[PDB]
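When we count neighbours, we look across all protein chains shown, and the Cβ atoms used for this are built from the backbone with ideal geometry, even at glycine. A short reminder: the numbers here are calculations on the coordinates, not readings from a lab.
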Number of protein chains: 2
Amino acid sequence: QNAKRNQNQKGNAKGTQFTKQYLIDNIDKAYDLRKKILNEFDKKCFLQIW
Amino acid sequence: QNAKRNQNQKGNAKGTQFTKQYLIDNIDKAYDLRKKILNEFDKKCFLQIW
């Protein structure tokens, strides 16, 4: 006797992570996110004298 | 009795990752991405005197 097989096959996978961290000292770095863009207009667009 | 086998075989795989990170201090490095190319014209193409 003869015998032939044909195992066709496929997979799939879709991982996802959403890890958030909360170190303490990030708010220290986040104190001036808008300050250095707001005084940029003082540096380049407004008369910095009385 | 005799017996012969012939297991032909092949595979495939196509991985992919798309991990994005968001460190905080990258925007500090990204504050002046255009500034150092924009004042480059002041350095090399415009009369830097009154």
Can you tell me which residues in the range A:5-35 are within 20 Å of the chain's Cα centre (by Cα), loosely packed, with under 10 Cβ neighbours inside 10 Å and basic (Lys, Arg)?
A:14, A:20, A:34
Could you count how many residues in the range A:24-38 are of a type outside the set (S, T, N, Q) and either within 9 Å of chain B (Cβ to nearest Cβ) or closer than 30 Å to residue B:10 by Cβ (or both)?
5
The range A:33-50 residues that are over 18 Å from residue B:30 (Cβ atoms), paired with ones that are exposed (fewer than 10 other Cβ atoms within 10 Å of the Cβ) (beta carbon under 9 Å, 6 or more apart):
A:42/A:48
Please determine whether any residue of the range B:33-41 is more than 25 Å from residue A:6 (Cα to Cα) and part of a loop (DSSP other than H, G, I, E, B).
yes
Return the only residue of B:4, B:14 being in a loop (DSSP other than H, G, I, E, B) and within 30 Å of residue A:11 (Cα to Cα).
B:14
